[PDB]
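Examination of the molecular architecture
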Amino acid sequence: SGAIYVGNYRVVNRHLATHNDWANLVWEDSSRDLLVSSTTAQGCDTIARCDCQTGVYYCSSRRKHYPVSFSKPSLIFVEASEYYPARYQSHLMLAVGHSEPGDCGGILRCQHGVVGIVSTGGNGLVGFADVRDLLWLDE
Ligand SMILES: COc1ccccc1CC(=O)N1CCC[C@H](C(N)=O)CC1
Ligand SMILES: [Zn+2]
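Residues numbered from 1 in each chain as written, not as in the entry; some residues may be left out. Chains lettered and ligands numbered in written order. Heavy atoms only, no water.

Determination of this PDB entry was carried out by X-ray crystallography to a resolution of 1.389 Å, according to the record.

In structure tokens:
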């Protein structure tokens, strides 16, 4: 689990969004595993606007942060799960690192701010949904 709180927005994995997220929906994209909802309180986070390919993510299944080198956001095949049919997930970045299903929502950051959130993984890989292209989160 986990979320990004920026301005009056909450960014979560679409497959983990709550009834309240859907009732206050701003935008969602099943191909990216992202959902953004509106909030009343001002958020705690800043979004990176950069091309970094190194950063640090939080891994809840180890209670630790790990440094990672990750690929540029791209269209990557993701196998069927309880949450989605087999499909290409867009704006996804892969890295070598530990992840388990409950790790979704962990934040990846670089020196500029929040880069994205854990969305996929397995077999020593971890995949992050990028949010750096969502310029409207900043206003
Ligand atoms: C952290 O992810 C993993 C880690 C280890 C093993 C498996 C996973 C992947 C995983 O749990 N899912 C469920 C959530 C949907 C996701 C997606 N974004 O399409 C792909 C499949
Ligand atoms: Zn950066």
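The discussion continues.
1. Brief notes about a nonpolar patch on the surface
Taken together, the side chains of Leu 75, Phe 77 and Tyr 88 define a hydrophobic patch exposed on the protein surface, amounting to about 360 Å² of accessible area. Residue placement: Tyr 88 occurs in strand β8 (residues 87-96). Look at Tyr 88 and you get exposed, because its relative accessible area is 52%. (Patch = residues over 30% accessible without salt bridge, like charges linked within 9 Å, V, L, I, M, F, W, Y side chains within 5 Å. Areas by Shrake-Rupley, 256 points an atom, 1.4 Å probe, with all protein chains shown as cover. Salt bridge = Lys/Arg side-chain N within 4 Å of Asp/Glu carboxyl O. Helix = DSSP H or I, 4+ residues; strand = E, 2+ residues; numbered from the N terminus. Buried < 20%, exposed > 50% of the residue type's maximum accessible area, 1.4 Å probe, protein only.)

2. Notes on the sheet that holds strand β4 (residues 34-38)
The strand order across the open sheet formed by 4 strands is β1-β2-β4-β3, and the pairing between neighbours is antiparallel. In this open sheet, the two edge strands, each paired with only one partner strand, are β1 (4-6) and β3 (25-29). Across this sheet, the average inter-strand angle for adjacent strands is 15 degrees, counted without regard to direction. Across 4 bridges, β3 lies against β4 in antiparallel orientation. Within β4, the residue paired with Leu 25 across the bridge is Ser 37. (Pairing = 2+ DSSP bridges. Axes fitted to C-alpha atoms, helices over the stretch in contact; angles between N-to-C directions.)

3. Side note on the coordination of the zinc ion (ligand 2)
In this structure, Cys 50 (SG), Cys 52 (SG), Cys 110 (SG) and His 112 (ND1) serve as the protein donors to the zinc ion (ligand 2), at separations of 2.1 to 2.4 Å. Given 4 donor atoms and angles of 102 to 116 degrees at the metal, the environment of the zinc ion (ligand 2) is assigned as tetrahedral. Each donor residue of the zinc ion (ligand 2) belongs to the same chain, with the gaps between them written as C-x1-C-x57-C-x1-H. A relative accessible area of 40% means that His 112 is categorised as partly exposed. (Donors = N, O, S within 2.8 Å, 3.2 Å for Na, K, Ca; no water. Tetrahedral: all angles 85-135°; square planar, octahedral: opposite > 155°, others 65-115°.)

4. Some details on the pattern of salt bridges
Enumeration over the complete set of coordinates arrives at 7 salt bridges. A salt bridge links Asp 21 to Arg 10, with the shortest nitrogen-to-oxygen separation between them at 2.8 Å. Of this pair, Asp 21 sits in helix α1 (residues 19-23) while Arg 10 sits in strand β2 (residues 9-13); the two residues are 11 residues apart in sequence, bridging distant segments of the chain. For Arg 10, a relative accessible area of 18% puts it in the buried group. Between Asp 130 and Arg 132 there is a salt bridge, with the nearest N and O atoms lying 2.9 Å from each other.

5. Notes on the site of ligand 1
In the neighbourhood of ligand 1, 16 residues make up the surrounding shell, with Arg 87, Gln 89, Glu 100, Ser 119 and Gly 121 lying closest. Contact distances for ligand 1 include 3.0 Å between an oxygen atom and a side-chain N or O atom of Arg 87. Between an oxygen atom of ligand 1 and a main-chain N or O atom of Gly 121, the distance comes to 3.2 Å. For ligand 1, whose accessible area on its own is 480 Å², the fraction buried by protein is 86%. When contributions to the shell around ligand 1 are tallied by element, the ones reaching two or more residues are β8 and β10 (113-122). Here the element with the most residues in the shell around ligand 1 is β10; it accounts for 4 residues. (Near = heavy atom within 4 Å. Polar contact = N/O pair within 3.5 Å; in protein donor to acceptor, adjacent residues only side chain to side chain.)

6. Observations regarding the side chain of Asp 21
Of the residues examined, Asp 21 reaches a relative accessible area of 2% and is grouped as buried. A polar contact is formed between the side chain of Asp 21 and the side chain of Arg 10, at a distance of 2.8 Å.

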